[PDB]
Amino acid sequence: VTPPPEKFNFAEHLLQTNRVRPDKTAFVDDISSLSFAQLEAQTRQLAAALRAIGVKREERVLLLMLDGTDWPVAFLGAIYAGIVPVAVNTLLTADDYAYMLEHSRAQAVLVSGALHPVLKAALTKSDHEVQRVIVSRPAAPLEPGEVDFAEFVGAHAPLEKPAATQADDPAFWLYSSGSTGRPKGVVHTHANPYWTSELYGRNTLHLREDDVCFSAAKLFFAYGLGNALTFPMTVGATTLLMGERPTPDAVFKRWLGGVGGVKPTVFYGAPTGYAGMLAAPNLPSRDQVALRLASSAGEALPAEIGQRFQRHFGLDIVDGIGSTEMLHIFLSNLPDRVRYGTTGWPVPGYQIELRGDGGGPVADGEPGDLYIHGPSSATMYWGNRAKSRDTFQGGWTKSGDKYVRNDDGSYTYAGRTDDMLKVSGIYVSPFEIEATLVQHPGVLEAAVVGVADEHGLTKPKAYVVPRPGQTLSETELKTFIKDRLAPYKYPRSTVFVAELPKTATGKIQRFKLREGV
Ligand SMILES: Nc1ncnc2c1ncn2[C@@H]1O[C@H](COP(=O)(O)OC(=O)c2ccccc2)[C@@H](O)[C@H]1O
């Protein structure tokens, strides 16, 4: 792969690539479609609109939007203007967005109408710098000063040239969270999505122009931003976008061509979703679908899920690991070489190391902490120098995973070096769940650990000590939390216990709980 040039604007690079196919569909969702030519026009009009309201080069805008054809207009339009979109999870609380507005110093917000209520609460409570709120597909009347996305874009002539950015300039941020503390702003450059799209989208997956891409992972996840924006636009594939929560039925509807007259050829999602599909009574047959490739990431793929999928569809599931810090996948199975129970082999272009307890070498078959060296790594966590130093070794990125290298050069997942749990392939901190539980007046103490379900997928499990002299049923506790946590964070089971195993300092011995004590 040839490196990008030093003067490089990634949005211009994706528009230029598709000038050969102006009338092909670039994106289609449940109510709209853009051709490459329409996407270019709207992208450049939005770039002009952001500049016309005073947002300058290098400044941030918050992009809080459901998957749909306006999302890549917003993302690429900011980048074309050399403004930095901060693309965020759509399932967070007002308090999380308030933090993001302050931390990013976002100067504008591009928000889906269905997300406007949570955004409103974030704006009201924060010391933010937002100059304009631009609403895509409003779901209630606009407040004074707010502008509808379609009119904001339509009111401005297309910007004539992109910002003259450098390849190593910041282009966008994503946020990721650890087991405590606020979300961390992961800063990516213009070159980083070129590298992931060339080294993985093109050179590993072999995506091509005639593909129809469909990602159950949304565009704000680093996995989905590659799958359903940067990879397809790099090869001129058409992309199906879906705003609603991915369920088996919603996904099957699109597999069978129920939206936009298109059947996906490339599907993308978490192992939890593939298990949910394989359990569904109305799983389509082979002859009803056009899939040629199935990608998975976010959590380890249990071998039995890959094997059942291959037996049903005659397609393997290609499991690769990526992170928000590395932007996309750097260690993966290949479309034509899958070994289930491993994450495959290093993606050419990326170097992988396993380190022991002092940074030293680890013999094959022994676990070591995983470190990555490659060209798409983030530059830092914005405004967090300590956490940055810890993760950005020195050209090496620490992943927070342990791995074992096998005799054939493949790597087998061996768990995290922290307490985080990927449930449904999405981060869940057990300590957040514990903090929610102990605010119930009938709970005295709680401890949450990961436990493998019957499919070998990790789910949280809660051990709860009730407060003597209060009542507390399992049903009452399920109601308390349904209300306060996202569904993927719900404990699979709660066990009421008389006491928890502790050190003399009172530290809970969470390892004893995973050992089944
Ligand atoms: N296949 C896998 N097997 C085992 N663990 C996997 C995995 N893919 C992700 N992970 C886990 O999620 C972590 C990354 O989470 P994050 O949500 O930042 O990004 C993706 O999850 C992400 C970002 C871009 C592309 C792909 C995934 C990895 O450090 C690892 O613990």
# chains A, B, ... in the order shown; residues from 1 in each chain; ligands from 1
$ select_by_dssp --residues "stretch 141-322 of chain A" --states "strand (DSSP E)" --output "ChimeraX atom specification"
/A:147-148,170-176,184-189,212-215,238-240,266-269,293-296,317-322
$ residues_near_ligand --ligand "ligand 1" --cutoff "8 Å" --atoms "only C-alpha atoms and all ligand atoms" --output "ChimeraX atom specification"
/A:176,221-224,226,296-301,319-329,332,343,399-401,413,415-416,421-422,425-427
$ write_last_selection --atoms "C-alpha atoms" --output "tab-separated table (two decimals), in the first residue's frame"
chain	number	residue	atom	x	y	z
A	176	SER	CA	-14.17	5.20	24.44
A	221	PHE	CA	-18.43	2.49	16.57
A	222	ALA	CA	-14.91	2.44	15.09
A	223	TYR	CA	-15.91	-1.05	13.71
A	224	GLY	CA	-18.99	0.31	11.96
A	226	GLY	CA	-14.93	1.32	8.70
A	296	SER	CA	-17.43	-10.21	13.22
A	297	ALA	CA	-15.69	-8.15	15.89
A	298	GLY	CA	-16.25	-6.50	19.26
A	299	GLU	CA	-15.93	-9.67	21.45
A	300	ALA	CA	-14.33	-13.05	20.79
A	301	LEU	CA	-16.39	-15.27	18.38
A	319	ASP	CA	-13.48	-12.86	13.36
A	320	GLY	CA	-10.87	-10.02	13.69
A	321	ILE	CA	-9.98	-7.77	16.65
A	322	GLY	CA	-9.74	-4.03	16.39
A	323	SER	CA	-9.98	-1.19	18.84
A	324	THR	CA	-11.10	2.45	18.84
A	325	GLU	CA	-7.41	3.37	19.48
A	326	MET	CA	-6.23	1.40	16.41
A	327	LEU	CA	-9.33	2.55	14.43
A	328	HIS	CA	-9.99	-0.88	12.93
A	329	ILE	CA	-8.87	-4.51	12.79
A	332	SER	CA	-7.87	-11.27	11.93
A	343	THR	CA	-8.50	-14.40	16.06
A	399	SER	CA	-4.72	-2.97	23.76
A	400	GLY	CA	-5.71	-4.10	27.26
A	401	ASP	CA	-5.98	-7.67	26.00
A	413	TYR	CA	-7.83	-14.57	22.95
A	415	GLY	CA	-9.11	-12.09	28.29
A	416	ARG	CA	-8.57	-8.48	29.30
A	421	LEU	CA	-16.40	-6.67	29.90
A	422	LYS	CA	-17.51	-6.66	26.28
A	425	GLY	CA	-19.29	-6.79	21.74
A	426	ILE	CA	-19.78	-3.29	23.49
A	427	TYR	CA	-17.85	-2.04	26.65
$ residues_around --residues "residue A:38" --least-positions-apart "5" --cutoff "12 Å" --atoms "only C-alpha atoms" --output "PDB file with N, CA, C and O atoms, in the first residue's frame"
ATOM      1  N   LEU A  15     -14.334  11.505  -1.850  1.00  0.00           N
ATOM      2  CA  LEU A  15     -15.145  12.119  -2.960  1.00  0.00           C
ATOM      3  C   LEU A  15     -14.417  11.860  -4.277  1.00  0.00           C
ATOM      4  O   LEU A  15     -15.085  11.401  -5.270  1.00  0.00           O
ATOM      5  N   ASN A  18     -14.718   8.486  -6.020  1.00  0.00           N
ATOM      6  CA  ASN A  18     -16.025   8.033  -6.541  1.00  0.00           C
ATOM      7  C   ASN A  18     -16.558   8.941  -7.649  1.00  0.00           C
ATOM      8  O   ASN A  18     -17.710   8.815  -8.040  1.00  0.00           O
ATOM      9  N   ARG A  19     -15.695   9.845  -8.115  1.00  0.00           N
ATOM     10  CA  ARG A  19     -16.103  10.693  -9.287  1.00  0.00           C
ATOM     11  C   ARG A  19     -16.273   9.855 -10.547  1.00  0.00           C
ATOM     12  O   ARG A  19     -16.967  10.320 -11.461  1.00  0.00           O
ATOM     13  N   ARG A  21     -18.076   7.177 -10.578  1.00  0.00           N
ATOM     14  CA  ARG A  21     -19.363   6.520 -10.482  1.00  0.00           C
ATOM     15  C   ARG A  21     -20.433   7.431  -9.881  1.00  0.00           C
ATOM     16  O   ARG A  21     -21.016   7.085  -8.893  1.00  0.00           O
ATOM     17  N   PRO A  22     -20.669   8.586 -10.515  1.00  0.00           N
ATOM     18  CA  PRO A  22     -21.529   9.602  -9.898  1.00  0.00           C
ATOM     19  C   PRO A  22     -22.942   9.074  -9.702  1.00  0.00           C
ATOM     20  O   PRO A  22     -23.586   9.458  -8.698  1.00  0.00           O
ATOM     21  N   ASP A  23     -23.431   8.151 -10.537  1.00  0.00           N
ATOM     22  CA  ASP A  23     -24.827   7.753 -10.404  1.00  0.00           C
ATOM     23  C   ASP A  23     -25.081   6.433  -9.685  1.00  0.00           C
ATOM     24  O   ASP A  23     -26.236   5.965  -9.587  1.00  0.00           O
ATOM     25  N   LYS A  24     -24.018   5.834  -9.186  1.00  0.00           N
ATOM     26  CA  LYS A  24     -24.227   4.656  -8.384  1.00  0.00           C
ATOM     27  C   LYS A  24     -24.767   5.067  -6.983  1.00  0.00           C
ATOM     28  O   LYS A  24     -24.302   6.048  -6.419  1.00  0.00           O
ATOM     29  N   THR A  25     -25.570   4.196  -6.351  1.00  0.00           N
ATOM     30  CA  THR A  25     -26.035   4.510  -4.975  1.00  0.00           C
ATOM     31  C   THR A  25     -24.852   4.380  -4.021  1.00  0.00           C
ATOM     32  O   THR A  25     -24.139   3.349  -4.024  1.00  0.00           O
ATOM     33  N   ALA A  26     -24.647   5.448  -3.248  1.00  0.00           N
ATOM     34  CA  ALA A  26     -23.600   5.440  -2.217  1.00  0.00           C
ATOM     35  C   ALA A  26     -24.221   4.914  -0.935  1.00  0.00           C
ATOM     36  O   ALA A  26     -23.651   3.997  -0.280  1.00  0.00           O
ATOM     37  N   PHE A  27     -25.342   5.538  -0.507  1.00  0.00           N
ATOM     38  CA  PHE A  27     -26.005   5.115   0.768  1.00  0.00           C
ATOM     39  C   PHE A  27     -27.523   5.065   0.576  1.00  0.00           C
ATOM     40  O   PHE A  27     -28.086   5.856  -0.165  1.00  0.00           O
ATOM     41  N   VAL A  28     -28.137   4.106   1.207  1.00  0.00           N
ATOM     42  CA  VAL A  28     -29.573   3.980   1.232  1.00  0.00           C
ATOM     43  C   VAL A  28     -30.033   3.574   2.641  1.00  0.00           C
ATOM     44  O   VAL A  28     -29.378   2.746   3.343  1.00  0.00           O
ATOM     45  N   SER A  32     -34.641   7.003   2.251  1.00  0.00           N
ATOM     46  CA  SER A  32     -33.867   7.957   1.397  1.00  0.00           C
ATOM     47  C   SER A  32     -32.692   7.237   0.784  1.00  0.00           C
ATOM     48  O   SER A  32     -32.323   6.156   1.235  1.00  0.00           O
ATOM     49  N   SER A  33     -32.101   7.839  -0.233  1.00  0.00           N
ATOM     50  CA  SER A  33     -30.867   7.294  -0.865  1.00  0.00           C
ATOM     51  C   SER A  33     -30.041   8.464  -1.352  1.00  0.00           C
ATOM     52  O   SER A  33     -30.609   9.539  -1.672  1.00  0.00           O
ATOM     53  N   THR A  43     -22.341  16.856   0.936  1.00  0.00           N
ATOM     54  CA  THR A  43     -21.119  16.964   1.769  1.00  0.00           C
ATOM     55  C   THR A  43     -20.482  18.357   1.683  1.00  0.00           C
ATOM     56  O   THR A  43     -20.142  19.018   2.691  1.00  0.00           O
ATOM     57  N   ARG A  44     -20.295  18.821   0.431  1.00  0.00           N
ATOM     58  CA  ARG A  44     -19.645  20.095   0.253  1.00  0.00           C
ATOM     59  C   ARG A  44     -20.535  21.294   0.635  1.00  0.00           C
ATOM     60  O   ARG A  44     -20.003  22.321   1.085  1.00  0.00           O
ATOM     61  N   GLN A  45     -21.853  21.170   0.455  1.00  0.00           N
ATOM     62  CA  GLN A  45     -22.798  22.169   0.950  1.00  0.00           C
ATOM     63  C   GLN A  45     -22.776  22.235   2.510  1.00  0.00           C
ATOM     64  O   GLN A  45     -22.768  23.323   3.095  1.00  0.00           O
ATOM     65  N   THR A  69     -28.776   8.192   5.848  1.00  0.00           N
ATOM     66  CA  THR A  69     -27.979   8.889   4.805  1.00  0.00           C
ATOM     67  C   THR A  69     -27.417  10.275   5.212  1.00  0.00           C
ATOM     68  O   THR A  69     -26.444  10.712   4.685  1.00  0.00           O
ATOM     69  N   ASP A  70     -27.972  10.958   6.215  1.00  0.00           N
ATOM     70  CA  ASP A  70     -27.401  12.210   6.623  1.00  0.00           C
ATOM     71  C   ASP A  70     -26.109  11.982   7.420  1.00  0.00           C
ATOM     72  O   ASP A  70     -25.342  12.899   7.580  1.00  0.00           O
ATOM     73  N   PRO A  72     -23.246  10.141   6.893  1.00  0.00           N
ATOM     74  CA  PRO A  72     -21.961  10.393   6.180  1.00  0.00           C
ATOM     75  C   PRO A  72     -21.875  11.829   5.560  1.00  0.00           C
ATOM     76  O   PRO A  72     -20.777  12.340   5.459  1.00  0.00           O
ATOM     77  N   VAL A  73     -23.018  12.477   5.258  1.00  0.00           N
ATOM     78  CA  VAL A  73     -22.939  13.895   4.886  1.00  0.00           C
ATOM     79  C   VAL A  73     -22.352  14.715   6.035  1.00  0.00           C
ATOM     80  O   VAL A  73     -21.562  15.639   5.801  1.00  0.00           O
ATOM     81  N   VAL A 153     -28.123  22.452   4.893  1.00  0.00           N
ATOM     82  CA  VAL A 153     -27.407  22.001   3.736  1.00  0.00           C
ATOM     83  C   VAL A 153     -27.958  22.708   2.452  1.00  0.00           C
ATOM     84  O   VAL A 153     -27.137  23.224   1.690  1.00  0.00           O
ATOM     85  N   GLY A 154     -29.264  22.720   2.257  1.00  0.00           N
ATOM     86  CA  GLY A 154     -29.804  23.268   1.016  1.00  0.00           C
ATOM     87  C   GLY A 154     -29.583  24.777   0.869  1.00  0.00           C
ATOM     88  O   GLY A 154     -29.612  25.300  -0.281  1.00  0.00           O
ATOM     89  N   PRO A 158     -22.063  24.710  -2.444  1.00  0.00           N
ATOM     90  CA  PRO A 158     -20.965  23.824  -2.032  1.00  0.00           C
ATOM     91  C   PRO A 158     -19.649  24.539  -1.879  1.00  0.00           C
ATOM     92  O   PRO A 158     -19.264  25.448  -2.737  1.00  0.00           O
TER      93      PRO A 158
END
$ residues_around --residues "stretch 436-439 of chain A" --least-positions-apart "5" --cutoff "9 Å" --atoms "only C-alpha atoms" --output "PyMOL selection string"
chain A and resi 431+444-446+462+464+477+480-481+484-485
$ select_by_dssp --residues "stretch 93-327 of chain A" --states "alpha helix (DSSP H)" --output "MDAnalysis selection string"
chainID A and resid 94:104 116:125 149:154 192:196 222:225 231:235 248:255 271:279 303:313
$ residues_around --residues "residue A:179" --least-positions-apart "2" --cutoff "10 Å" --atoms "only C-alpha atoms" --output "ChimeraX atom specification"
/A:177,181-183,418-421,427-432
$ write_last_selection --atoms "C-alpha atoms" --output "compact mmCIF listing (two decimals), in the first residue's frame"
# COMPACT_ATOMS: atom_id res chain seq x y z
CA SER A 177 -14.60 4.47 28.17
CA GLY A 181 -13.65 7.82 34.84
CA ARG A 182 -15.06 9.89 32.01
CA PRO A 183 -15.11 8.81 28.32
CA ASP A 418 -8.50 -4.81 33.19
CA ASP A 419 -11.96 -5.33 34.58
CA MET A 420 -13.92 -4.28 31.47
CA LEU A 421 -16.40 -6.67 29.90
CA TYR A 427 -17.85 -2.04 26.65
CA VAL A 428 -19.62 -2.48 30.01
CA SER A 429 -17.78 -1.60 33.23
CA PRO A 430 -18.77 -3.91 36.11
CA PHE A 431 -18.16 -0.98 38.47
CA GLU A 432 -20.88 1.11 36.72
$ residues_around --residues "residue A:217" --least-positions-apart "5" --cutoff "12 Å" --atoms "only C-alpha atoms" --output "MDAnalysis selection string"
chainID A and resid 66:67 89 222:229 240:247 251 267:273 295:298 424:426
$ closest_residue --among "A:375, A:460, A:442, A:367" --to "residue A:194" --atoms "only C-alpha atoms"
A:375
$ residues_around --residues "residue A:79" --least-positions-apart "5" --cutoff "10 Å" --atoms "only C-alpha atoms" --output "compact mmCIF listing (two decimals) with C-alpha atoms, in the first residue's frame"
# COMPACT_ATOMS: atom_id res chain seq x y z
CA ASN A 9 -7.89 15.59 3.27
CA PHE A 10 -9.64 12.28 3.79
CA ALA A 11 -13.10 13.51 2.79
CA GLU A 12 -11.69 14.92 -0.51
CA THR A 43 -21.12 16.96 1.77
CA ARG A 44 -19.65 20.09 0.25
CA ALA A 47 -18.94 22.01 4.73
CA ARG A 57 -10.53 24.82 11.02
CA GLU A 58 -9.46 22.54 13.85
CA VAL A 73 -22.94 13.90 4.89
CA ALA A 74 -22.36 15.25 8.39
CA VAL A 84 -13.30 17.86 13.45
CA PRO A 85 -16.53 15.83 13.92
CA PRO A 162 -11.43 21.28 0.84
CA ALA A 163 -9.34 22.54 3.78
CA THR A 165 -5.02 19.62 5.72
CA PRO A 170 -6.53 15.49 13.43
CA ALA A 171 -9.54 14.61 11.33
CA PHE A 172 -12.22 13.24 13.82
CA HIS A 190 -6.79 12.02 8.07
$ closest_residue --among "A:195, A:490, A:403, A:99" --to "residue A:374" --atoms "only C-alpha atoms"
A:195
$ closest_residue --among "A:358, A:506, A:501, A:4" --to "residue A:193" --atoms "only C-alpha atoms"
A:4
$ decode --residues "stretch 303-422 of chain A" --atoms "C-alpha atoms" --output "mmCIF file, in the first residue's frame"
data_model
loop_
_atom_site.group_PDB
_atom_site.id
_atom_site.type_symbol
_atom_site.label_atom_id
_atom_site.label_comp_id
_atom_site.auth_asym_id
_atom_site.auth_seq_id
_atom_site.Cartn_x
_atom_site.Cartn_y
_atom_site.Cartn_z
ATOM 1 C CA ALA A 303 -16.138 -21.430 17.708
ATOM 2 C CA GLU A 304 -19.546 -23.075 17.891
ATOM 3 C CA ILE A 305 -21.242 -19.892 16.548
ATOM 4 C CA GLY A 306 -18.868 -19.744 13.569
ATOM 5 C CA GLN A 307 -19.289 -23.507 12.903
ATOM 6 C CA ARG A 308 -23.169 -23.382 13.039
ATOM 7 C CA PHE A 309 -23.223 -20.340 10.810
ATOM 8 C CA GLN A 310 -20.926 -22.082 8.261
ATOM 9 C CA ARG A 311 -23.079 -25.260 8.412
ATOM 10 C CA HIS A 312 -26.266 -23.298 7.798
ATOM 11 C CA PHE A 313 -25.064 -20.737 5.188
ATOM 12 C CA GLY A 314 -21.915 -22.256 3.772
ATOM 13 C CA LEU A 315 -20.139 -18.949 4.700
ATOM 14 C CA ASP A 316 -17.624 -18.677 7.471
ATOM 15 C CA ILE A 317 -17.711 -15.849 9.996
ATOM 16 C CA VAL A 318 -14.377 -13.899 9.757
ATOM 17 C CA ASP A 319 -13.485 -12.862 13.359
ATOM 18 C CA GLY A 320 -10.867 -10.018 13.689
ATOM 19 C CA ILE A 321 -9.978 -7.771 16.650
ATOM 20 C CA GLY A 322 -9.735 -4.028 16.389
ATOM 21 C CA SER A 323 -9.984 -1.189 18.836
ATOM 22 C CA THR A 324 -11.103 2.451 18.844
ATOM 23 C CA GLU A 325 -7.415 3.374 19.480
ATOM 24 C CA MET A 326 -6.226 1.400 16.413
ATOM 25 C CA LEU A 327 -9.328 2.546 14.433
ATOM 26 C CA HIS A 328 -9.993 -0.879 12.927
ATOM 27 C CA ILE A 329 -8.872 -4.506 12.790
ATOM 28 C CA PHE A 330 -5.240 -5.391 13.065
ATOM 29 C CA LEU A 331 -5.351 -9.138 13.802
ATOM 30 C CA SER A 332 -7.866 -11.273 11.934
ATOM 31 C CA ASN A 333 -8.973 -14.451 10.290
ATOM 32 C CA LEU A 334 -9.134 -14.171 6.440
ATOM 33 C CA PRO A 335 -12.092 -14.737 4.181
ATOM 34 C CA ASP A 336 -10.436 -17.874 2.882
ATOM 35 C CA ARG A 337 -8.571 -18.931 6.014
ATOM 36 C CA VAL A 338 -10.566 -19.203 9.233
ATOM 37 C CA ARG A 339 -9.449 -21.004 12.350
ATOM 38 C CA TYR A 340 -12.259 -21.008 14.853
ATOM 39 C CA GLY A 341 -11.250 -20.532 18.481
ATOM 40 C CA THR A 342 -8.538 -18.033 17.341
ATOM 41 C CA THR A 343 -8.499 -14.403 16.056
ATOM 42 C CA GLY A 344 -6.297 -15.471 13.097
ATOM 43 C CA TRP A 345 -3.097 -13.728 12.044
ATOM 44 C CA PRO A 346 -1.644 -10.234 12.042
ATOM 45 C CA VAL A 347 -3.046 -7.986 9.275
ATOM 46 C CA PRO A 348 -0.186 -7.072 6.911
ATOM 47 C CA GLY A 349 0.825 -3.544 7.730
ATOM 48 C CA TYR A 350 0.462 -4.082 11.517
ATOM 49 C CA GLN A 351 3.110 -5.595 13.873
ATOM 50 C CA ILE A 352 1.892 -7.371 16.950
ATOM 51 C CA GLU A 353 3.861 -8.177 20.178
ATOM 52 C CA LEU A 354 2.947 -10.162 23.292
ATOM 53 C CA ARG A 355 4.743 -8.892 26.485
ATOM 54 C CA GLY A 356 5.023 -10.552 29.905
ATOM 55 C CA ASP A 357 5.025 -9.131 33.425
ATOM 56 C CA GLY A 358 8.126 -6.951 32.770
ATOM 57 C CA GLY A 359 7.723 -6.198 29.128
ATOM 58 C CA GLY A 360 9.752 -9.292 28.292
ATOM 59 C CA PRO A 361 9.216 -11.984 25.578
ATOM 60 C CA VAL A 362 6.587 -14.686 26.064
ATOM 61 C CA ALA A 363 7.103 -18.258 24.839
ATOM 62 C CA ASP A 364 4.548 -19.575 22.315
ATOM 63 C CA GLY A 365 1.564 -21.040 24.143
ATOM 64 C CA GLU A 366 1.923 -18.686 27.092
ATOM 65 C CA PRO A 367 -0.301 -15.645 27.468
ATOM 66 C CA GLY A 368 1.147 -12.096 27.115
ATOM 67 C CA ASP A 369 -0.307 -8.571 26.944
ATOM 68 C CA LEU A 370 -1.002 -7.500 23.378
ATOM 69 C CA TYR A 371 0.657 -4.465 21.840
ATOM 70 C CA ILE A 372 0.210 -3.148 18.284
ATOM 71 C CA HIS A 373 2.392 -1.093 16.010
ATOM 72 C CA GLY A 374 0.710 0.167 12.875
ATOM 73 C CA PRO A 375 -0.203 3.195 10.771
ATOM 74 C CA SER A 376 -3.790 3.864 11.995
ATOM 75 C CA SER A 377 -3.148 4.365 15.673
ATOM 76 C CA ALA A 378 -4.699 7.377 17.388
ATOM 77 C CA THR A 379 -2.335 10.101 18.461
ATOM 78 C CA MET A 380 -3.488 10.551 22.073
ATOM 79 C CA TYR A 381 -6.558 10.816 24.317
ATOM 80 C CA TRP A 382 -7.413 14.494 24.115
ATOM 81 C CA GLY A 383 -6.615 16.333 27.330
ATOM 82 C CA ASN A 384 -5.552 13.176 29.231
ATOM 83 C CA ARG A 385 -1.813 13.042 29.247
ATOM 84 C CA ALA A 386 -1.477 10.276 31.873
ATOM 85 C CA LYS A 387 -3.837 7.876 30.110
ATOM 86 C CA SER A 388 -2.216 8.787 26.823
ATOM 87 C CA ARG A 389 1.302 7.876 28.163
ATOM 88 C CA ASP A 390 -0.017 4.531 29.479
ATOM 89 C CA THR A 391 -1.661 3.479 26.113
ATOM 90 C CA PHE A 392 0.669 5.080 23.593
ATOM 91 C CA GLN A 393 3.879 3.249 24.505
ATOM 92 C CA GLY A 394 6.227 4.680 21.883
ATOM 93 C CA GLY A 395 4.862 3.755 18.482
ATOM 94 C CA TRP A 396 3.258 0.835 20.352
ATOM 95 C CA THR A 397 -0.443 0.863 21.335
ATOM 96 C CA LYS A 398 -1.395 -1.184 24.378
ATOM 97 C CA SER A 399 -4.719 -2.970 23.761
ATOM 98 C CA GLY A 400 -5.713 -4.098 27.261
ATOM 99 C CA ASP A 401 -5.979 -7.670 26.000
ATOM 100 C CA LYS A 402 -3.992 -10.889 26.676
ATOM 101 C CA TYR A 403 -3.360 -13.325 23.882
ATOM 102 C CA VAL A 404 -1.536 -16.669 23.214
ATOM 103 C CA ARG A 405 0.346 -17.235 19.959
ATOM 104 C CA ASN A 406 -0.190 -20.782 18.495
ATOM 105 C CA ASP A 407 2.252 -22.958 16.455
ATOM 106 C CA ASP A 408 0.634 -21.896 13.183
ATOM 107 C CA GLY A 409 1.159 -18.179 13.896
ATOM 108 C CA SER A 410 -2.548 -17.603 14.872
ATOM 109 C CA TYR A 411 -3.469 -15.845 18.120
ATOM 110 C CA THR A 412 -6.054 -17.049 20.710
ATOM 111 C CA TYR A 413 -7.825 -14.573 22.948
ATOM 112 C CA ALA A 414 -6.966 -14.847 26.656
ATOM 113 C CA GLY A 415 -9.105 -12.094 28.289
ATOM 114 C CA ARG A 416 -8.572 -8.481 29.299
ATOM 115 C CA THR A 417 -5.864 -7.063 31.595
ATOM 116 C CA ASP A 418 -8.495 -4.806 33.191
ATOM 117 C CA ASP A 419 -11.957 -5.325 34.578
ATOM 118 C CA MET A 420 -13.923 -4.282 31.474
ATOM 119 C CA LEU A 421 -16.400 -6.672 29.897
ATOM 120 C CA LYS A 422 -17.507 -6.664 26.282
#
